[PDB]
Amino acid sequence: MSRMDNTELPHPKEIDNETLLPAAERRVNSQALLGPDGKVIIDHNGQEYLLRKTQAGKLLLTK
């Protein structure tokens, strides 16, 4: 029973940086944070931040 050579070439590196696009570009005010839509950008505090309903069954607040 001979040895098979351990230590090899590493797994694939991040050599791609194409970023995913927002769930929506709809800047509606804070009270309409979801509405009947589910995925909109919240306009509040002199800022904006995208809150979306992920289909898996969650909320996702993103700056």
# chains A, B, ... in the order shown; residues from 1 in each chain; ligands from 1
>>> residues_around(residues="residue 53 in chain A", least_positions_apart="5", cutoff="7 Å", atoms="only C-alpha atoms", output="ChimeraX atom specification")
/A:38-39,58-60
>>> select_by_dssp(residues="chain A", states="strand (DSSP E)", output="count of residues only")
22
>>> atom_distance(atom1="CA of residue 22 in chain A", atom2="CA of residue 54 in chain A")
12.3 Å
>>> residues_around(residues="residue 30 in chain A", least_positions_apart="2", cutoff="7 Å", atoms="only C-alpha atoms", output="mmCIF file with C-alpha atoms, in the first residue's frame")
data_model
loop_
_atom_site.group_PDB
_atom_site.id
_atom_site.type_symbol
_atom_site.label_atom_id
_atom_site.label_comp_id
_atom_site.auth_asym_id
_atom_site.auth_seq_id
_atom_site.Cartn_x
_atom_site.Cartn_y
_atom_site.Cartn_z
ATOM 1 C CA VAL A 28 -41.015 55.291 -2.073
ATOM 2 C CA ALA A 32 -44.780 52.177 1.828
ATOM 3 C CA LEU A 33 -41.656 50.096 2.895
ATOM 4 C CA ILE A 42 -37.354 53.042 1.524
ATOM 5 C CA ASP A 43 -36.963 56.840 1.423
ATOM 6 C CA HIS A 44 -36.438 57.913 5.078
#
>>> closest_residue(among="A:5, A:12, A:17, A:52", to="residue 34 in chain A", atoms="only C-alpha atoms")
A:52
>>> residues_around(residues="residue 63 in chain A", least_positions_apart="6", cutoff="10 Å", atoms="only C-alpha atoms", output="JSON, numbers by chain")
{"A": [41, 47, 48, 49, 50, 51]}
>>> write_last_selection(atoms="N, CA and C atoms", output="CSV table (one decimal), in the first residue's frame")
chain,number,residue,atom,x,y,z
A,41,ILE,N,-37.3,50.5,-2.5
A,41,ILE,CA,-36.3,51.3,-1.8
A,41,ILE,C,-37.1,52.3,-0.8
A,47,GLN,N,-32.2,59.7,3.6
A,47,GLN,CA,-31.5,58.6,2.9
A,47,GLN,C,-32.5,57.7,2.1
A,48,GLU,N,-31.9,56.7,1.5
A,48,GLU,CA,-32.7,55.6,0.9
A,48,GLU,C,-32.0,54.2,1.2
A,49,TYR,N,-32.8,53.1,1.3
A,49,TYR,CA,-32.4,51.8,1.6
A,49,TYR,C,-33.4,50.7,1.1
A,50,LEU,N,-32.9,49.8,0.3
A,50,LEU,CA,-33.8,48.7,-0.4
A,50,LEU,C,-34.2,47.7,0.6
A,51,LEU,N,-35.5,47.6,0.9
A,51,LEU,CA,-36.1,46.5,1.6
A,51,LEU,C,-36.9,45.6,0.7
>>> atom_distance(atom1="CA of residue 24 in chain A", atom2="CA of residue 46 in chain A")
19.0 Å
>>> decode(residues="range 25-62 of chain A", atoms="N, CA and C atoms", output="CSV table (one decimal), in the first residue's frame")
chain,number,residue,atom,x,y,z
A,25,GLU,N,-35.6,49.8,-8.1
A,25,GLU,CA,-35.0,51.2,-8.0
A,25,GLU,C,-36.1,52.2,-7.6
A,26,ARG,N,-37.2,51.7,-7.0
A,26,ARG,CA,-38.4,52.5,-6.7
A,26,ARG,C,-38.2,53.1,-5.3
A,27,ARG,N,-37.8,54.4,-5.2
A,27,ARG,CA,-37.7,55.1,-4.0
A,27,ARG,C,-39.0,55.7,-3.5
A,28,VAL,N,-39.8,54.9,-2.7
A,28,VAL,CA,-41.0,55.3,-2.1
A,28,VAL,C,-40.7,55.6,-0.6
A,29,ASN,N,-41.5,56.5,0.0
A,29,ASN,CA,-41.4,56.9,1.4
A,29,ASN,C,-41.6,55.7,2.4
A,30,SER,N,-41.0,55.8,3.6
A,30,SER,CA,-40.9,54.8,4.7
A,30,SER,C,-42.3,54.0,4.9
A,31,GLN,N,-43.4,54.7,4.9
A,31,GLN,CA,-44.7,54.1,5.2
A,31,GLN,C,-45.1,53.0,4.2
A,32,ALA,N,-44.6,53.1,2.9
A,32,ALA,CA,-44.8,52.2,1.8
A,32,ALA,C,-43.5,51.3,1.7
A,33,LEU,N,-42.9,51.0,2.8
A,33,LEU,CA,-41.7,50.1,2.9
A,33,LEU,C,-41.8,48.7,2.2
A,34,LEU,N,-43.0,48.2,2.0
A,34,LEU,CA,-43.3,47.0,1.2
A,34,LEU,C,-44.5,47.3,0.3
A,35,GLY,N,-45.6,47.8,1.0
A,35,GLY,CA,-46.9,48.0,0.3
A,35,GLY,C,-47.5,46.6,-0.1
A,36,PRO,N,-48.2,46.6,-1.3
A,36,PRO,CA,-48.6,45.3,-1.9
A,36,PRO,C,-47.6,44.8,-2.9
A,37,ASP,N,-46.5,45.6,-3.1
A,37,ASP,CA,-45.4,45.3,-4.0
A,37,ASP,C,-44.4,44.2,-3.4
A,38,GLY,N,-43.8,44.6,-2.3
A,38,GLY,CA,-42.9,43.7,-1.5
A,38,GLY,C,-41.4,44.0,-1.6
A,39,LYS,N,-41.0,44.6,-2.7
A,39,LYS,CA,-39.6,44.9,-3.0
A,39,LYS,C,-39.4,46.4,-3.5
A,40,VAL,N,-39.1,47.3,-2.6
A,40,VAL,CA,-39.0,48.7,-2.9
A,40,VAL,C,-37.8,49.4,-2.1
A,41,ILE,N,-37.3,50.5,-2.5
A,41,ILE,CA,-36.3,51.3,-1.8
A,41,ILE,C,-37.1,52.3,-0.8
A,42,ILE,N,-36.8,52.2,0.5
A,42,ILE,CA,-37.4,53.0,1.5
A,42,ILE,C,-36.6,54.4,1.6
A,43,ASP,N,-37.4,55.5,1.3
A,43,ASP,CA,-37.0,56.8,1.4
A,43,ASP,C,-37.3,57.4,2.8
A,44,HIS,N,-36.3,57.5,3.7
A,44,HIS,CA,-36.4,57.9,5.1
A,44,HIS,C,-35.1,58.4,5.6
A,45,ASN,N,-35.1,59.4,6.6
A,45,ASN,CA,-34.0,59.8,7.4
A,45,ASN,C,-33.0,60.7,6.5
A,46,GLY,N,-33.5,61.2,5.4
A,46,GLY,CA,-32.7,61.9,4.4
A,46,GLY,C,-31.8,61.0,3.6
A,47,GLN,N,-32.2,59.7,3.6
A,47,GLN,CA,-31.5,58.6,2.9
A,47,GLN,C,-32.5,57.7,2.1
A,48,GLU,N,-31.9,56.7,1.5
A,48,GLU,CA,-32.7,55.6,0.9
A,48,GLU,C,-32.0,54.2,1.2
A,49,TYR,N,-32.8,53.1,1.3
A,49,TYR,CA,-32.4,51.8,1.6
A,49,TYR,C,-33.4,50.7,1.1
A,50,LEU,N,-32.9,49.8,0.3
A,50,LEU,CA,-33.8,48.7,-0.4
A,50,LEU,C,-34.2,47.7,0.6
A,51,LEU,N,-35.5,47.6,0.9
A,51,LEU,CA,-36.1,46.5,1.6
A,51,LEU,C,-36.9,45.6,0.7
A,52,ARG,N,-36.6,44.3,0.6
A,52,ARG,CA,-37.3,43.4,-0.3
A,52,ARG,C,-37.8,42.2,0.5
A,53,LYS,N,-38.9,41.6,0.0
A,53,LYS,CA,-39.3,40.2,0.4
A,53,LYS,C,-38.7,39.2,-0.5
A,54,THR,N,-37.7,38.4,0.1
A,54,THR,CA,-37.1,37.3,-0.6
A,54,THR,C,-38.1,36.2,-0.6
A,55,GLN,N,-38.2,35.5,-1.8
A,55,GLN,CA,-39.2,34.4,-2.1
A,55,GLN,C,-39.1,33.2,-1.1
A,56,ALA,N,-37.9,33.0,-0.6
A,56,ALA,CA,-37.6,32.0,0.5
A,56,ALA,C,-38.5,32.2,1.8
A,57,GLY,N,-38.9,33.5,1.9
A,57,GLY,CA,-39.8,33.8,3.0
A,57,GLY,C,-39.2,34.8,4.0
A,58,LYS,N,-38.4,35.7,3.6
A,58,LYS,CA,-37.7,36.7,4.5
A,58,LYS,C,-37.8,38.1,4.0
A,59,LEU,N,-37.3,39.0,4.8
A,59,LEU,CA,-37.0,40.5,4.5
A,59,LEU,C,-35.5,40.7,4.3
A,60,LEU,N,-35.1,41.6,3.4
A,60,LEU,CA,-33.7,41.9,3.1
A,60,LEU,C,-33.5,43.4,3.0
A,61,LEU,N,-33.0,44.0,4.1
A,61,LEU,CA,-32.7,45.5,4.2
A,61,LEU,C,-31.3,45.7,3.7
A,62,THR,N,-31.1,46.5,2.7
A,62,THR,CA,-29.7,46.7,2.0
A,62,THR,C,-29.5,48.2,1.8
